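Below is one structure, written out as structure tokens; the observations come after it.
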Amino acid sequence: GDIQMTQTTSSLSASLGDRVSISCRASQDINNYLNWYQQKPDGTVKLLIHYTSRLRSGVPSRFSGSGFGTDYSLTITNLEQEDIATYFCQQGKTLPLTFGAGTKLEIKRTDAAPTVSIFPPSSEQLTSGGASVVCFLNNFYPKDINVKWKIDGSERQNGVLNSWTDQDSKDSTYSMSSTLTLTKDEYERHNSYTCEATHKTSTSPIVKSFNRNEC
Amino acid sequence: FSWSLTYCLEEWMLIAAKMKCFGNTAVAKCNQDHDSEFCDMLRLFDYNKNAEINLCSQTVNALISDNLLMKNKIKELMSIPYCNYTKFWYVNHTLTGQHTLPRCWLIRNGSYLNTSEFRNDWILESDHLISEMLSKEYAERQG
Amino acid sequence: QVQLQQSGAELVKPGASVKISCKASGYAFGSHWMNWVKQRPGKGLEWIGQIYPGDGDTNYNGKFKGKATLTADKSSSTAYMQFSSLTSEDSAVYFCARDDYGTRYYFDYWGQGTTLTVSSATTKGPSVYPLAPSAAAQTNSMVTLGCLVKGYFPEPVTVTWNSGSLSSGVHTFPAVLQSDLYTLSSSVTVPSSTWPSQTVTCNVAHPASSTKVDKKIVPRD
Amino acid sequence: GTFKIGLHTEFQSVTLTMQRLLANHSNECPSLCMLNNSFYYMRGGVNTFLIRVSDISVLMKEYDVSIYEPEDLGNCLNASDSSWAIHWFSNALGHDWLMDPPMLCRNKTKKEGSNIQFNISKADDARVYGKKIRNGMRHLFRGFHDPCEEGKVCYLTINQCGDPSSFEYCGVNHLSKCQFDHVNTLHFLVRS
Ligand SMILES: *[C@@H]1O[C@H](CO[C@@H]2O[C@@H](C)[C@@H](O)[C@@H](O)[C@@H]2O)[C@@H](O[C@@H]2O[C@H](CO)[C@@H](O[C@@H]3O[C@H](CO)[C@@H](O)[C@H](O[C@H]4O[C@H](CO)[C@@H](O)[C@H](O)[C@@H]4O)[C@@H]3O)[C@H](O)[C@H]2NC(C)=O)[C@H](O)[C@H]1NC(C)=O
Ligand SMILES: *[C@@H]1O[C@H](CO)[C@@H](O[C@@H]2O[C@H](CO)[C@@H](O[C@@H]3O[C@H](CO)[C@@H](O)[C@H](O[C@H]4O[C@H](CO)[C@@H](O)[C@H](O)[C@@H]4O)[C@@H]3O)[C@H](O)[C@H]2NC(C)=O)[C@H](O)[C@H]1NC(C)=O
Ligand SMILES: *[C@@H]1O[C@H](CO)[C@@H](O[C@@H]2O[C@H](CO)[C@@H](O[C@@H]3O[C@H](CO)[C@@H](O)[C@H](O)[C@@H]3O)[C@H](O)[C@H]2NC(C)=O)[C@H](O)[C@H]1NC(C)=O
Ligand SMILES: *[C@@H]1O[C@H](CO)[C@@H](O[C@@H]2O[C@H](CO)[C@@H](O)[C@H](O)[C@H]2NC(C)=O)[C@H](O)[C@H]1NC(C)=O
Ligand SMILES: *[C@@H]1O[C@H](CO)[C@@H](O[C@@H]2O[C@H](CO)[C@@H](O)[C@H](O)[C@H]2NC(C)=O)[C@H](O)[C@H]1NC(C)=O
Ligand SMILES: *[C@@H]1O[C@H](CO)[C@@H](O)[C@H](O)[C@H]1NC(C)=O
Ligand SMILES: *[C@@H]1O[C@H](CO)[C@@H](O)[C@H](O)[C@H]1NC(C)=O
């Protein structure tokens, strides 16, 4: 019986000065009792628009709201840097109150290929008994990327842990770390270690590798 | 179409907390149903006493003049002398006891006019009082 | 002028309870509904409930009825949310928010949030390992080095380079949790000529364990 | 206040009080009095109502209840007795249930208390209506003050004493210094 809010788009890319529209759909007619919140990357939350299109004090005029019934929309013309954030809608007709999942805005830029760097396990870690192979995929755009590990020519996915960064604020790129952790014995039982980066920028992947016996 | 009276006012109807009797010669003029705030107050007391003792009824027009109330309200809104149905002045022949019908003591901006401001009024009232005393004596002892 | 200050981060073990607080300033505490909201990564925002400090009436979301208990204190102008039988599903960020005068069901003022972590993991300091290019590697115009911070709990850790004097071309990845232990890495890029003549040293700090480690990145072989 | 005109003719006066009747107030028989140049009070027996004229509106038509008919006033007050009291007061102010703009009130289900709102702004589509509602006030409260500024917003707010929306303004320090005036009650009778 609850009221489901649906923000179909979870991520949206746009260049500064563009017109952006974020849609919000209600499972039931909510009669214009829709409110828009802005969450900055630090977790700060602020109300911007209530009752579909009523702007709050201090909200710049580039923000606007529209809709009626089940479909609504937040529009941001002349997208400014400070608008890069996540925007949630919320129905205020009936309890329980419900929010959308959110729509994160990210800055658009020209494509950039990742800069790949592979790192063998350190002697310090090998002393302790483990062996972590690290591969950095740095400063690429767009954020979609894939990493493949190969040991002695064979693909390995177990023991791999990945971590993407948020969009960098100065160059608008993304970076990613891939760490393959093995045992010392398993690491010494193999020689060739390779990470391959697949990205929109190149049909073939960027391949970086090292041989364990070549120090 | 206008209420009739029976005049003495009870002590609780007066600021002096002292029953005040007015001759019927003057109170009878209230029946004529002329523009008189004092007579409106008398009819209000008379109707709402004989009737809890509230002030309201569905026949206010038979007790008061709506035109007179409207006129006093307009005078209020013009910042000119008007009547707020409170204090009234008359002219009493202390010798005989016959008096004129009390007429309202007007106020301007929440203050009662000084007697000198409406002195023509009570001059005329006393003139008419004595004229009517003489006329009564004449028409009676004429035979 | 209107301000909502929530209590600090909490780290508790499963089955425990915890009461988070929200101090209000700048308005009549007893004239506004105080709502609570739960946020998790990828789970949007969930409405927990609301209390009216005036009469103390509480309206709960059916899903959180039994998990959450809302109280208020008008003297201190402070709302409280108490959780019982905490589980790892309860780890999240919790906001207190205020409705406008009346009851418009929109939240015009928010607190900064309170992070709750429910875990049976025990505190442990990190191990720091260097990440230097293999002896057989290209000599490009730039060189990337790194530090691997592995096996610690709880978050956070802070990584600087050369005591903060090296900040351009640096970025640290979000920690990933595996088997009750966090791992992250920090990357730093510098002109190839700069290294190894000018040394690069990562400074890792884990406050929860009062651990501070410096690790110089030395070329291999 | 009595002087002599002639040897026997004398100026005399008499002051009347209607308070014993204004104390037996009731909803159909409200006693009306003025306190501030901003606070007015209507006593209708057990129900007391504070009336204020300010530029501060706490109600919006997008969120609050619009009263198109007297029956809708039942959504505004805890009891229907008060509902019909406010119906008769609205009539007395000159409001037109068929032609004038609908007034606003807070749903009695909320926690903030009763609040009926009239938009008497001197501007746009609220100007004309506004003046009327002030005229009504001038009829119902001798010495009514017109704090409404030209071209700016102005609102008349009614709160039933007892609800949280009455704050402390319905205390004894207020109603004890609000002399009832029967002229106001006569105007209420005539205009309703
Ligand atoms: C004055 O306030 C009362 C009570 O308000 C209600 O409780 C408050 C504490 C607060 O939570 C309010 O938001 C809440 O409305 C109002 O009376 C309520 O009116 C609503 C709307 O008409 C009724 O809700 C309806 O009740 C049924 C289910 O309980 C059902 O018939 C309706 O269908 C709903 O669901 C379908 C499908 O899911 C959807 O299509 C409909 O649009 C609708 O959501 C609906 O839920 C309440 O039952 C009423 N409660 C009462 C009478 O106690 C009253 O209208 C209001 N007056 C105003 C604002 O002028
Ligand atoms: C109580 O009543 C007052 C007075 O009526 C009211 O304040 C007024 O609100 C209206 C809108 O509700 C304002 O009029 C608008 O103001 C600006 C120009 O000043 C414009 O946005 C509008 O004109 C354009 O936009 C309209 C909307 O799209 C179009 O219909 C129109 O054709 C134009 O394109 C319009 O003029 C008015 O200025 C205020 N006045 C004051 C003094 O505030 C107040 O909201 C009411 N209070 C309530 C309802 O609680
Ligand atoms: C009609 O208007 C007149 C003139 O303004 C009002 O007369 C005023 O009435 C009040 C209340 O009775 C008087 O207050 C009292 O005055 C004395 C001296 O202080 C004393 O009896 C009491 O302590 C009390 O203060 C007031 O003096 C008097 N005159 C004024 C204000 O100038 C009259 O009340 C009005 N009638 C109504 C409102 O029904
Ligand atoms: C309110 O109504 C009551 C009841 O009618 C009035 O009390 C009457 O007062 C008169 C005059 O003093 C007495 O003769 C009656 O016996 C009283 N009747 C009753 C039933 O008590 C009262 O005067 C009115 N006014 C006030 C201020 O209470
Ligand atoms: C109509 O109902 C409201 C809501 O119950 C009354 O206000 C409540 O009064 C009780 C009794 O003192 C308080 O304990 C509650 O806290 C009040 N509610 C709120 C939301 O503040 C209100 O008084 C009633 N109306 C009238 C005219 O008495
Ligand atoms: C008029 O004066 C006489 C004589 O003093 C007095 O008995 C009578 O009551 C007075 N009438 C009034 C004041 O109406
Ligand atoms: C009305 O009188 C009250 C007394 O409590 C005061 O709070 C308020 O400021 C006054 N407003 C005026 C005189 O306009």
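Using Swiss-Prot numbers, chain B covers 265-270, 281-325, 336-427, in order.
Every residue gets a Cβ built from N, Cα and C, even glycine.
Residues annotated as disulfide bond in Swiss-Prot, with sequence analysis given as evidence: B:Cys282-B:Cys295 (among others). B:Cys295 (disulfide bond) falls within a strand when secondary structure is assigned with DSSP.
In the three-state DSSP scheme, B:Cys304 (disulfide bond) is classed as helix. Residues or ranges marked as disulfide bond by Swiss-Prot: B:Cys304-B:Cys313 (among others).
Neighbour count (other Cβ atoms within 10 Å of the Cβ, all protein chains): 21 for B:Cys388 (disulfide bond). For B:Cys367-B:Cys388 (among others), the entry in Swiss-Prot reads disulfide bond, with the evidence type sequence analysis.
Its Cβ placed at the centre, B:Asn368 (N-linked glycosylation site) has 19 other Cβ atoms within 10 Å. In the three-state DSSP classification, B:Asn368 (N-linked glycosylation site) falls within coil. Residues or ranges marked as N-linked glycosylation site by Swiss-Prot: B:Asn368 (among others).
As annotated by Swiss-Prot, N-linked glycosylation site applies to B:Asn376 (among others). Following the DSSP three-state reduction, the secondary structure of B:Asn376 (N-linked glycosylation site) is strand.
Here Swiss-Prot flags B:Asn393 (among others) as N-linked glycosylation site, drawing on sequence analysis. For B:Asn393 (N-linked glycosylation site), the number of other Cβ atoms no farther than 10 Å from its own Cβ, over all displayed protein chains, is 9.
Applying an 8 A CB threshold to same-chain residues 6 or more apart, the list for B:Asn398 (N-linked glycosylation site) is empty. Sequence annotations record features per position, and here Swiss-Prot assigns N-linked glycosylation site to B:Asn398 (among others).
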Minimal Cβ count within 10 Å, across the disulfide-bonded residues B:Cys282, B:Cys304, B:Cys313, B:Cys367, points to B:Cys282
Recorded positions (B:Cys304, B:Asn368, B:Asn376) in Cβ proximity to chain D, threshold under 8 Å = B:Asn368, B:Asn376
Which recorded positions, if any, among B:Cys282, B:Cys313, B:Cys367, B:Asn376, B:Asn393, B:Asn398 have a Cβ under 6 Å from ligand 6, given in order along the chain?
-> B:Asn376
Using C-alpha atoms only, work out the spacing between B:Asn393 (N-linked glycosylation site) and B:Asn368 (N-linked glycosylation site) and round it to an integer in Å.
-> 11
Most crowded position, judged by CB atoms within 10 A, among B:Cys295, B:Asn376 as recorded positions | B:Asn376
One should report the C-alpha separation between B:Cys313 (disulfide bond) and B:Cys388 (disulfide bond), rounded to whole angstrom, as 10
For B:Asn368 (N-linked glycosylation site), the spatially nearest of the disulfide-bonded residues B:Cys282, B:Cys295, B:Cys304, B:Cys388, using Cα atoms, is B:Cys388
